[PDB]
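Listed next as structure tokens is one chain, alone, in the form deposited in one PDB entry.
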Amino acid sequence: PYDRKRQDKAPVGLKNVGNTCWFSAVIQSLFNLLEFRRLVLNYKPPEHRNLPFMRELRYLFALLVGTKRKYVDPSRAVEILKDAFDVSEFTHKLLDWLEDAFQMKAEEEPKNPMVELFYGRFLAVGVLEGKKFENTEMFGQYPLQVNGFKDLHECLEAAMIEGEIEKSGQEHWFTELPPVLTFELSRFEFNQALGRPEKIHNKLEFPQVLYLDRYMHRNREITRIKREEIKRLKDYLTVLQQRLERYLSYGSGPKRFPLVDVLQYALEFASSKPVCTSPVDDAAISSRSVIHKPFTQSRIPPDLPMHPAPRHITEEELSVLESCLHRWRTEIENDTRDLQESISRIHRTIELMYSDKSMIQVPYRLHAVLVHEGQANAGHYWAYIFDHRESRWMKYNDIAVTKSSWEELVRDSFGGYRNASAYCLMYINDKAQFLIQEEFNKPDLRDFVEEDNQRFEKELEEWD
């Protein structure tokens, strides 16, 4: 334990204090959100054990910006939180206390600067057996179910639509968006074979920049139309995928093979030299090689009749077969190509449905990804957080803070690639330049001489 807890111009880690990986992830995520870091740092207090937790969190983020060491011990902050008693219940109370802390600071003087960052509003419009309704709900983290979806947009759309819109239905439309937009990616589904709920492992993609234009209430008439076009296109896309499958998995029996091979090999059989008998009736570097003329074949096998082959065939029989099976093969080959072109064409059309400039004006940039691996009410959490000034992805895994990549993030967060997959996505408004508010140069924390002491106490290294 000599000269091990020392920095090298890298972000500070956090101690595990048992199984508090969930704490590291949530905290490091918040801390890397500069405006929130400033709100916690420049916090002065004016119900619960909320205010000592806020005060202990100050000492956590102070020694995390003052660094000096490699990792900080979050023991005092975690102990207050643990004394109040799954990890979600813990995360919930944590946020409760922080919101309540900022509420007391505001109430004394109302806008809650923390609630101003994470919470937004959406409009819920629908019908219940013919009777209309319209409500504007406040939301925080928008929760998503990931079973059977290919990406985040597929996911989100399915969540902002309930029933059948026109009969009972409901549509959600964002009215007010939070500058810090968060999504839950719920992978828990009941496994009948296992007889318990388990995490689903299908790959669900998400972009580095998400355009929330289509989900906006103002774009409600436009999106509804684009949506119906995709309904029709997906319908067409199916019929083609069905027909193409009949070409690729041909046959009426239990085993199907491609039709093109069925025809090729059938013709191979017919064109084989007939056999009238039953198959049961029965360091050379010392050689003077000849010159090989171009376009020839040397190891070409002998042409003698062997089984399996027709017993007999007519010249007319062969000529009929040869003309049939060859023309039909070209027909089959051309149709598979034609079907595949059309499928990709429909796919491209769907992909670029919301690509026009009037649907690209609400950009949200991915700031953090919270990953989980393992059993449901167990496992381990780590995070991928973006270092906006350095323009680089970072892997925050208790004590270990390493320079990562988008490629690393995807393997660990999309699912299927590894036993780990993202449980939460944190997006930041690209227009919201105030969430990354670094101190001018035209380190020296808002704190009062605390990190200066823990950097001197650690400077004390004995030498025998």
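What we label the rigid core is the largest C-alpha set whose atoms superpose within 1.5 Å from one form to the other. In case it trips you up, residue 1 is the first one in the sequence shown, and so on.
Unshown form deposited in another entry; subsequent notes refer to it.
Trainee: Align both forms on the core first, then report whether residue 19 has a C-alpha shift of 2 Å or more between the shown form and the other one.
Mentor: After core superposition, the displacement of the residue 19 C-alpha between the shown form and the other one stays below 2 Å, so no.
Trainee: Note whether the distance between the C-alpha atoms of residue 449 and residue 13 decreases (closer) or increases (farther) in the other entry, against the displayed form; the change is 3 Å or more.
Mentor: Note: Cα gap between residue 449 and residue 13 shrinks in the other entry.
Trainee: Hey, the CA atoms of residue 449 and residue 17 end up closer or farther in the other entry than in the shown form, with the change being 3 Å or more?
Mentor: Compared with the shown chain, residue 449-residue 17 is closer in the other entry.
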